[PDB]
Structures are given as C-alpha cells and as structure tokens.
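Line by line, the protein sequences are chains A and B. Offset between the first sequence (1-based) and the authors' numbering: plus 1. According to the authors' numbering, the stretch in the second sequence is residues 2 to 100, 105 to 243, in order. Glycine included, each C-beta is placed from N, C-alpha and C at the ideal position.
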Amino acid sequence: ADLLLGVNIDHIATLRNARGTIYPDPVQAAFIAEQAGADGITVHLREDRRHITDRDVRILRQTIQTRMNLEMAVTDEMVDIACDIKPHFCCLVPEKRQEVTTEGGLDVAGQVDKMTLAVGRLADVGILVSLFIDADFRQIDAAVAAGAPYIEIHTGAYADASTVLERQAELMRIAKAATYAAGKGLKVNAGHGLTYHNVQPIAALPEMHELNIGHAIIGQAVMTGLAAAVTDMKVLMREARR
Amino acid sequence: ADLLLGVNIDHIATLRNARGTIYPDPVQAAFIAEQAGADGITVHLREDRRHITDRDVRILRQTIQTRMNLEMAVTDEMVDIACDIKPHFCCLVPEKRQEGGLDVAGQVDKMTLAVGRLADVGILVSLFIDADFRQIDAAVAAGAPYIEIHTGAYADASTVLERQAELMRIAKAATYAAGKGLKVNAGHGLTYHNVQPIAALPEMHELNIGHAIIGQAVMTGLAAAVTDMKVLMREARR
Ligand code: PXP
Ligand code: PXP
C-alpha cells in the first residue's frame, strides 16, 4: 500500500530532438529521478522515434537502477526489441487509429488474439505486461483473457473534466474499474494527465499499485529542476494515503 | 568590458505545445531568467507558431522587466505585429527557403524597407547573418544598428582546426563590423562548454542563448542554469 511512482522521461527527449544535440539526455534524467524518489522509469519508444530513441532504450536498460518500464505499440518490431532488452515492465499502448478506442485506451477487446500472443512472447522472456486501458469492464475482461498480469487505467477523462460533477463521475469510473480489475486478480496502475493538482484523489485509491506520470513532472522540472519535481510528486502521493 | 546575456525562452514552449497544456509557461521562465542574471528575453514568433504563440508575446510584453527581443522573419504580418507590440529589439532571421544567416546582400532593398519601418516606431533592429564581410556591409547599407553573428558552424566544428577556423572568422567579423559602427551580437549553438571563446571577443555586445540553457534547466532548474551561464560570460572577459 505504498503507492509507487513511475517517472516517464519522454519529454526530456522531446527537448533534445528539437535540435540534433546530445543534451538533455534522458539517461541523466533517469538517475536524477530515481534518486529523488522514483520507483521506476518509463519510456515510450514510438515507431517514429519522435522522442525516445533505440539509443536511449539500450543505454537506459543498462543504467536504470530501479525497474524499467517500456511503453510500446503492439507490433512485431516492438515485441522483438522488448524481448531483446527485457525491461522489467512493458506497457502496451495504442499509436494507430485502428488500435485505439474513442477514449484513448488500447482496444484490447477488438484484438484479443493479437494481444494474447504479444503478451505470451513478452512473458516467456520474464517481462511483466500491462495494457493501458480505459476504465471499462469489457476492456478489463479482455486483458485478463489476454493473460496480462497488469493494467494501467487511462486517467485522461479524469484530468480534462471541466466541472465538479464531471470530475466526480470520471473519478468514480476509475474507482469502480480499479475495484473490478483487482477482483479479477489484476495489479492496477494509472496514468495520463496526472499533475501536482489532481494526483491525490487517484493516489488515494487502495488498489492503485503504481502511478505513471511524465509531462507534469518534466514541466515542473524546467523551472525547479527534476530532483525537486520528482520529490514533490512523491510527497503528494505519500500524503494522499494518510 | 560588459557582456549582456539574452535568454531565448522558445523551448520552454517546445515543452508545453507537445501537449495542449498551460505549463510550462514562457511567462514564468522570463521572470526566472531575468532574475538569475539574463539582461533581456528573446522569443521567436514563427509564422507557424510552433513554440511561442501571440498569447505568449502579448503577456510577455506586459511582464518582462528587462527588455524584449522579438525574433521574426521579414514578412508584412510580422512587421505589423512588431509595430503593435513594440519590443526594445527586433532580430530579423531567415525562416523560409528564400531567406545560415539572413541574405541581406542578396535582398538589400527589402531589408532596407523592413529595417526602416521597424526603426520608425523606435525599434532597435538586428540582422542575423553569417560572419561575412559582404553581409556585414549589406547590413550597414540597410541601416540596421545591430548584427547578430551566427555561431552555428563554430558550435558544430568537429575538429580543432575547424573550430579555430570558425572562431577566427567570427573574431574577424566582429572586429570588422565594430569597425563599421555596428553593435555586434552573437548566437546559435552556444553552450557552457563553447561560450567562453565567443564571450572573450572584445567586440561582443550581447549573446543570445536558448536551447543549451533550457537543456540544462530540466536537469538543474532554470535559475541555476541562467546564473551559471552568466558566470561563464563574466569569467571570459577577465
Ligand atoms: C500509458 C501511459 N501512461 C502515462 C503516460 C504519461 O502521461 P503524462 O505525460 O500525461 O503524465 C503516457 C504518455 O506517454 C502513457 O502512454
Ligand atoms: C537569431 C537567433 N539567435 C540566437 C538563438 C539562440 O540559439 P540557441 O537556442 O541554439 O542558443 C536563435 C535560435 O532561436 C536565433 O534564432
């Protein structure tokens, strides 16, 4: 019931790729973040490599002193890289139109067989697999039949809610989905759009295992530095579960 | 003696526009930078607004406590905007394939019209150019009181001979331009590791530095990043 913090460092790479320079280097961030209270490091290797690159992935795997979480699209190219690099975690996410739901989560249920097989290959090599899904009982069932030990619930709707009633409903949607996922024996993560100002209610949920969080941290980091930004998110998360 | 630092806060916005968010906000980066030793704030308003927006310029205009330097291409729309906003400086810069530094010599009449309109509403105008004597003269011909010498090639020198050769080209251009009455700025590609030879050149009025500053910032914080860059610049002129 200590909630874990995964720091996603893609946007360090966004800043880098904007020029073709060597800095800022995601590898440096990983060290800052872990020693400031991150429990894991996340990177999304996109097919287009718009931020994180193969160069990044291959070095991070040798330098992450915690657990590495590799977010990737469900493709044969990416399942190969994953089965080579062997991160502690994989998190399967959509990147194409045909793989995503209206809401932004991975369509596990529309492509069950593709999922099961991807999972199978990752697991056979010791990786633990998460599917980033909506707070949806049907997608949850799919992930179980997929054999994915973990899910990550998409906190976007929860983040973007304009009004008090909307926020409440989205929150209850996540709450119920976490309770259900766990019932069916899934370990439950959450992420997308979490900030220094909306994290607590998500943090407070008993079932949440790890929160995955990138942009807000990187965004605070340019002003105050990543060590401060990570510690402050970790503090809010601790306080949320008092 | 004294060397000014203009901090280009463009890539704060690179970070924000990636998502649809409000943070990180260039408005804040400006207070931080100004207060940790920047002497001016530079932003480049692209026609494509891929980083800095009009919202940004509008607010900055009212929040900046030092002086604003607006980087822009030579278009009717951009000159109109800069006539409204009235920054202390304007830096003219290539953006399209038809505009390396600006080709002032190739387009001296256009640059003269543009320099003219900006300077008629009190703007100090700077032309961003290669360290080329010819472009320096075209600048003087167009009326611009400032040049900024492009330091890209220097920053990219991959061999020691290439580096010295780019450094002297910059040194000689600064010397010559100052010998034609220009105020000489420099910029593009300056880091904590290559700034001092440029800082060292007696002619330099202001260094305009962005990316390397934002790049260090996400690690160490904006304030320290700005301050350390300032120190390097002071130490260079000892
Ligand atoms: C599955 C998942 N979780 C978390 C995040 C990070 O969300 P944010 O950057 O909005 O905190 C992302 C974005 O890469 C993601 O794809
Ligand atoms: C005219 C000019 N000067 C200076 C800079 C700063 O260059 P850097 O961000 O590489 O320090 C830029 C980049 O926007 C520029 O366009």
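In three-state terms, what does DSSP make of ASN18 of chain B? helix
Jot down the residue ranges of each uninterrupted beta strand (DSSP E) in the stretch 156-202 of chain A, minimum 3 residues, whole runs only, in chain order. 188-192
Rounded straight-line distance, which links the Cα of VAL236 of chain A to that of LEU206 of chain A: 16 Å
Proximal residues, the stretch 18-33 of chain B versus chain A, C-beta separation under 8 Å: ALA19, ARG20, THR22, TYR24, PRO25, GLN29, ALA30, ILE33
Taking Cβ positions only, does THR225 of chain A come closer than 8 Å to chain B? yes
Secondary structure of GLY127 of chain A, DSSP reduced to three states: coil
When you compare only the Cα positions, how much space is there between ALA149 of chain A and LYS115 of chain A? 12 Å
Chain B within 8 Å of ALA37 of chain A, Cβ atoms only: no
Mark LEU166 of chain A as exposed unless 16 or more other C-beta atoms lie within 10 angstroms of its C-beta, in which case mark it buried. exposed
Going by CA-CA distance only, name the one from A:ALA39, A:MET79, A:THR43 that's closest to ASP11 of chain A. A:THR43
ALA230 of chain B versus B:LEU107, B:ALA37, B:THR164, residue with shortest Cα-Cα distance: B:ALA37
Within 7 Å: the Cβ of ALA14 of chain B and any heavy atom of ligand 2? no
For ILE214 of chain B, tell me which candidate among B:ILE65, B:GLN112, B:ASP55, B:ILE154 has the shortest Cα-Cα distance. B:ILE154
Taking three-plus beta-carbon pairs below 8 Å as touching, is the stretch 49-56 of chain A in contact with the stretch 15-29 of chain A? yes
Our contact map puts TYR159 of chain B next to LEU172 of chain B with C-beta atoms below 8 Å; I'd like the distance itself, whole angstroms only. 6 Å
Quick check on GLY220 of chain A - is its C-beta less than 8 Å from some C-beta in chain B? yes
On the premise that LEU93 of chain A lies in contact with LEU107 of chain A, defined as a C-beta separation below 8 Å, what is that separation, rounded to the nearest angstrom? 6 Å
What would DSSP say about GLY121 of chain B, mapped onto helix, strand or coil? helix
Between the stretch 25-40 of chain B and the stretch 72-79 of chain B, can you find at least three pairs of beta-carbon atoms closer than 8 Å? no
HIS210 of chain B lies in the beta strand (DSSP E); which residues open and close that run? 209-214
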